[PDB]
Amino acid sequence: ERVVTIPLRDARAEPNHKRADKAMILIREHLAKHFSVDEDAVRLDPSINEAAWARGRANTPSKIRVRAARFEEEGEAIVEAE
Amino acid sequence: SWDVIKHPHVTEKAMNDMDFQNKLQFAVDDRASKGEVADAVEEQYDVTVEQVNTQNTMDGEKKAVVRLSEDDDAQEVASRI
Amino acid sequence: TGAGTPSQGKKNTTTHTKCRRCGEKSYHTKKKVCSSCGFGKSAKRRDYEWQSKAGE
Amino acid sequence: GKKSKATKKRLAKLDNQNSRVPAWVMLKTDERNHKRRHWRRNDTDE
Amino acid sequence: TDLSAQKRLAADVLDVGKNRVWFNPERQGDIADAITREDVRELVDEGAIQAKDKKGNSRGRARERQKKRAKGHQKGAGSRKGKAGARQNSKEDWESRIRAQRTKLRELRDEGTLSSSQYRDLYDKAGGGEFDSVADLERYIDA
RNA sequence: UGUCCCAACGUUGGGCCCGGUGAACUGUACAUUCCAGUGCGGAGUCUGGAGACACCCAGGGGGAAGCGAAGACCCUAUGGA
RNA sequence: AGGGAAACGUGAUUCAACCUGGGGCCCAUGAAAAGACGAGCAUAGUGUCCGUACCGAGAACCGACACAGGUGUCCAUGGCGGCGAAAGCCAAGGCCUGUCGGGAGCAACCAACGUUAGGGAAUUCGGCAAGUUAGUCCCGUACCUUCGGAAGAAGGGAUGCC
RNA sequence: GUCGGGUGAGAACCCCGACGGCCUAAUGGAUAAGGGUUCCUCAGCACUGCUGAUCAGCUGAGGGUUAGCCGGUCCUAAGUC
RNA sequence: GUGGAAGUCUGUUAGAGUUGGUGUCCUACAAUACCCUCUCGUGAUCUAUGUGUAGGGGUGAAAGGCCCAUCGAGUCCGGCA
RNA sequence: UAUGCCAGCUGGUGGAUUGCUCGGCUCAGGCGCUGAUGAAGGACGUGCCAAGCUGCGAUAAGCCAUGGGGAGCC
Ligand SMILES: [Cl-]
Ligand SMILES: [Cl-]
Ligand SMILES: [Mg+2]
Ligand SMILES: [Mg+2]
Ligand SMILES: [Mg+2]
Ligand SMILES: [Mg+2]
Ligand SMILES: [Mg+2]
Ligand SMILES: [Mg+2]
Ligand SMILES: [Mg+2]
Ligand SMILES: [Mg+2]
Ligand SMILES: [Mg+2]
Ligand SMILES: [Mg+2]
Ligand SMILES: [Mg+2]
Ligand SMILES: [Mg+2]
Ligand SMILES: [Mg+2]
Ligand SMILES: [Mg+2]
Ligand SMILES: [Mg+2]
Ligand SMILES: [Mg+2]
Ligand SMILES: [Mg+2]
Ligand SMILES: [Mg+2]
Ligand SMILES: [Mg+2]
Ligand SMILES: [Mg+2]
Ligand code: NA
Ligand code: NA
Ligand code: NA
Ligand code: NA
Ligand code: NA
Ligand code: NA
Ligand code: NA
Ligand code: NA
Ligand code: NA
Ligand code: NA
Ligand code: NA
Ligand code: NA
């Protein structure tokens, strides 16, 4: 477990009316890499989702502090807002 | 010559009408009037018909919802057949 | 307005219907005349020699 | 639309003709309903 | 599990739009088994099925504005959109004014202040549009 | 006032790569062509030269007198309306 | 009676429906018939036959299709807004089925489109396309005219909030 | 649309919740014509569905439309026989 | 001042129409479509349903327009090989 | 020696070919009217389960009589 700051600057590469979706993907890929786990194994608590969609699908925040934990028999990460 | 009553119409809905409203349901000849249905039914089961409602069905037959008097019991009249 | 597809939309009028006398969907309910058997127009049945080849 | 008693009878019949060849008939004949009619793809008479 | 049928029944039993019906996420299995309207009412009594609240637009900001304007503010040239006759119907205004003037004269006559001849004279002039308002009429009356 | 001088940057949907679905047009044959010539006088195929290792991706359409339509123009028919 | 978990209100304004009047117009004169009323009351009996599901449309209709086309009526009184049945935003109600997705800062090229210094129609058959102007109030308004008009001519000023 | 979750052999699109949106004379409510069982339930996925599907207007089987006082029915219109 | 006339004005009210873009499309969403622009919108107005006129005949504020994707003479079958 | 050319082999696709004929085509002999005593035609029904065809008609793949036929049939 640990607290990490995820940069969402790369969501700007995606069309603006769809940032939220892309942001949510970036968050999954980030945790997957930094916690050495498969993207399939990263579970995002709705809190994170609501944070990214707070201002609608087009106005995603540039960053997001996320608390994630790693464990189990297949390897995984459970993450939430902070 | 055609007969008025064809056979009892027995389905889940017909049961509820029988158990909860003292009504009997029949498939009758589509040329039959409510009055003819009321009479035919009384003479065949020895009961008192209080009301008859009809419907020309999408099966090509006529359906009659016959309510019996509180003196008669649909559940019993139907159990003997 | 296009005489094709766009003009096909107002066609919800019933004219030709199942005929009482011959069974064909040709009884014009507006004219009360069957275009197939002649019911409503003729006691005799509608029929013409041109409905088949001349020598047959 | 407003259907009459006779029209209702005819449509009832068309619905009935729209059933499948019973399974038992396949066994009895050692082996299709060519009169299958969909309400959308087909058109009835009248 | 598929609870769409139950959604339709619940909406009708609760007498609410289907979109406002809420099904407890932890009881999908139980609601799934709900087959009858009675089964639904039962789950309703268990709070497993509820109806969300319908919102109503707040009229708070509306009321503040309504007050300013009733006090005579927020109606300058820059706030008007319709033509003058659109903001106040001139015929309707004349009916208001002429009726007020006729009622006035009517009271002064019964009251005794005016003889049926002075009244007549003033009434005719009012209908001829000689007075801008009751006050204006009263003023003219005092010579 | 980007119509123009004279074009630039950006936005959204495509385009490009991947999973799934999945047609049509068109096809005498052969066919890597280019420059000239010749020929029914407007040739990828004949003749002489030149060039040319094969396959594949994207592109804008120069050529196949490209595809599409038994020329509406014109004349002819002891044709039609 | 019923309905509501509960309270189970009182007044007001503007008032669709509905009711009832007055005026004006016609080289235009705005159905008919069945029926009802006229013509009381009690009690009782009778009231048969046909229709009734569902869709009613960017998937239930017509258009060969689950077709961006076509297709009548009523709800025209939901809130803010404002002249408004207008825009924009939002309820109730409906929907995420105008039904293929995943990836690349996502190049060229194309469709819609924003902004472009200085110049300002030089472009072009032609200002095509785009742009400018704009609501409301006050002032003011030419030629011409069939005296109605031209006219919102033109032009000038104002506009928020507290 | 997204994140969780439900069911299932199988889930981007079947269902639940949350978050985020779309429609305001309509993408809402009631209906005429026209359609004709497309309605509801259960069981299914060879067919249909612009991908997939456990879903369905699809496939199979059952079920469903109740009237003295809503329409028809009766009257007469242009006009028809 | 009152009054409120008009084949009157403005108006994407509803509704009707269809000028430019010679845009998008042009094996289309569509055998006449989409978008923006634009005209009419109390009247010689628009519209549903019913109803009449039939092929050398209708109908036509006249374009040889229209009479079911068919018109300088509809469509079907026959004359007909 | 990839992409690939020509011919063949094994398997497929396709349904030609050959063989077969419950159907046609034509000729010939015989025969020949039905209907208000409601025909012909059509509709809708009718089966234990029955969608199509055939049959039949609320007595509904049938009822009765006589003759034939025969140990099977529905
Ligand atoms: Cl009055
Ligand atoms: Cl009705
Ligand atoms: Mg009834
Ligand atoms: Mg035509
Ligand atoms: Mg069925
Ligand atoms: Mg006035
Ligand atoms: Mg050479
Ligand atoms: Mg030629
Ligand atoms: Mg010529
Ligand atoms: Mg000639
Ligand atoms: Mg209903
Ligand atoms: Mg669709
Ligand atoms: Mg500039
Ligand atoms: Mg110039
Ligand atoms: Mg020039
Ligand atoms: Mg222009
Ligand atoms: Mg359904
Ligand atoms: Mg199911
Ligand atoms: Mg006008
Ligand atoms: Mg206008
Ligand atoms: Mg008409
Ligand atoms: Mg001409
Ligand atoms: Na039956
Ligand atoms: Na149909
Ligand atoms: Na530009
Ligand atoms: Na080329
Ligand atoms: Na309002
Ligand atoms: Na889908
Ligand atoms: Na005057
Ligand atoms: Na246009
Ligand atoms: Na002709
Ligand atoms: Na011929
Ligand atoms: Na004979
Ligand atoms: Na059968």
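The basis for the numbers below is simple: all heavy atoms, side chains too, and nothing from hydrogens, waters or symmetry mates. The chains referred to below are lettered A, B, ... by the order of the sequence lines, with proteins before strands, and numbering in each begins at 1.
Using a 4.0 Å heavy-atom distance criterion, C:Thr14 is classed as a sugar-phosphate-only contact. Contacts of E:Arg97 with the nucleic acid, taken as non-hydrogen atoms under 4.0 Å apart, are absent. If you check every strand for non-hydrogen atoms under 4.0 Å, A:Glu50 touches sugar and phosphate atoms only. Nucleic acid contact for E:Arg87: sugar-phosphate only, since backbone atoms but no base atoms lie under 4.0 Å from a heavy atom of the residue. Residue contacts shown for E:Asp132 are absent, as no nucleic acid heavy atom lies under 4.0 Å away. If you check every strand for non-hydrogen atoms under 4.0 Å, E:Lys75 touches nothing. If you check every strand for non-hydrogen atoms under 4.0 Å, E:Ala5 touches sugar and phosphate atoms only. If you check every strand for non-hydrogen atoms under 4.0 Å, E:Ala32 touches nothing. If you check every strand for non-hydrogen atoms under 4.0 Å, C:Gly4 touches a base. Here E:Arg61 lies out of heavy-atom contact (under 4.0 Å) with every strand. When heavy atoms are screened at a 4.0 angstrom cut-off, C:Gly9 is found touching base atoms of the nucleic acid.
A salt bridge links E:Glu38 and E:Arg41; the closest N-O separation between the charged side-chain nitrogens and carboxylate oxygens is under 4.0 Å. Looking at A:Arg43 and A:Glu76, no side-chain N of the basic residue comes within less than 4.0 Å of a carboxylate O on the acidic one, giving no salt bridge.
Listed pair E:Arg65 / G:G81 meets the phosphate criterion, a side-chain N or O lying under 4.0 Å from OP1 or OP2. Taking side-chain N and O atoms only, D:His38 has no distance below 4.0 Å to OP1 or OP2 of H:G57. Note on D:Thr44: a side-chain N or O is less than 4.0 Å away from OP1 or OP2 of H:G36. The side chain of D:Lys3 contributes an N or O atom lying less than 4.0 Å from OP1 or OP2 of G:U52. The phosphate of G:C162 has OP1 or OP2 within less than 4.0 Å of a side-chain N or O from E:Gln74. The side chain of B:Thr11 contributes an N or O atom lying less than 4.0 Å from OP1 or OP2 of H:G64. Listed pair D:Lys9 / J:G45 fails the phosphate criterion, with no side-chain N or O lying under 4.0 Å from OP1 or OP2. Not one side-chain nitrogen or oxygen of D:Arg41 sits closer than 4.0 Å to the OP1 or OP2 atom of G:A59. Put simply, B:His9 has a side-chain N or O that comes within less than 4.0 Å of OP1 or OP2 on H:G64. Neither OP1 nor OP2 of H:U66 sits under 4.0 Å from any side-chain N or O of B:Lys63. For G:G81, the OP1/OP2 oxygens have no side-chain nitrogen or oxygen of E:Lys81 closer than 4.0 Å. Distances shorter than 4.0 Å separate none of the side-chain N or O atoms of D:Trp39 from OP1 or OP2 on G:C55. The side chain of E:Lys91 contributes an N or O atom lying less than 4.0 Å from OP1 or OP2 of I:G4. Side-chain N/O atoms of D:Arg36 include none lying less than 4.0 angstrom from OP1 or OP2 on J:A51.
Regarding nucleotide H:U48, the torsion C1'-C2'-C3'-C4' is greater than zero, so its sugar is described as north.
Look at G:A59: its glycosidic torsion is beyond 90° from 0, and that puts it in the anti range. The glycosidic torsion of H:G36 lies within 90° of 0, placing the base in the syn range. Taking syn as a glycosidic angle within 90° of 0, G:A86 does not qualify and is anti. Classified by its glycosidic torsion, G:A36 falls in the anti category, the angle being over 90° from 0.
Of all nucleotides present, none satisfies the Watson-Crick or G-U wobble test against J:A16 with each distance under 3.5 Å.
Judged by ring centres under 5.5 angstrom apart and ring planes under 30 degrees, I:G57 stacks on its strand neighbour I:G58. The six-membered rings of G:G47 and G:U48 are unstacked by the 5.5 Å centre and 30° plane criterion. Base stacking between J:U26 and J:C27 is present, with six-membered ring centres under 5.5 Å apart and ring planes under 30° to each other.
Around the CD atom of B:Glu70, the shell of radius 6.0 Å holds no more than 12 heavy atoms that belong to other residues, nucleotides or ligands.
One can find a donor-acceptor pair under 3.5 Å joining the base of H:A33 and the side-chain atoms of C:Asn12. For E:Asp2 against H:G6, a side-chain-to-base donor-acceptor contact under 3.5 Å is absent. A donor N or O paired with an acceptor N or O is not found under 3.5 Å between the base of G:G135 and the side-chain atoms of E:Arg80. Applying the 3.5 Å distance criterion, the base of I:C68 shares a donor-acceptor pair with the side chain of C:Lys11.
H:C81 atom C1' lies 13 Å from atom CZ of C:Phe39, rounded to whole Å. Atom NE2 in A:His17 sits roughly 14 Å away from atom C1' in G:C106 (whole-Å rounding). Protein atom CG of E:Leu3 is 18 Å distant from nucleotide atom P of H:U54, rounded to whole Å.
E:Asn19 inserts its side chain toward the major groove: at least one heavy atom sits under 5.0 Å from a major-groove N or O atom of a base pair.
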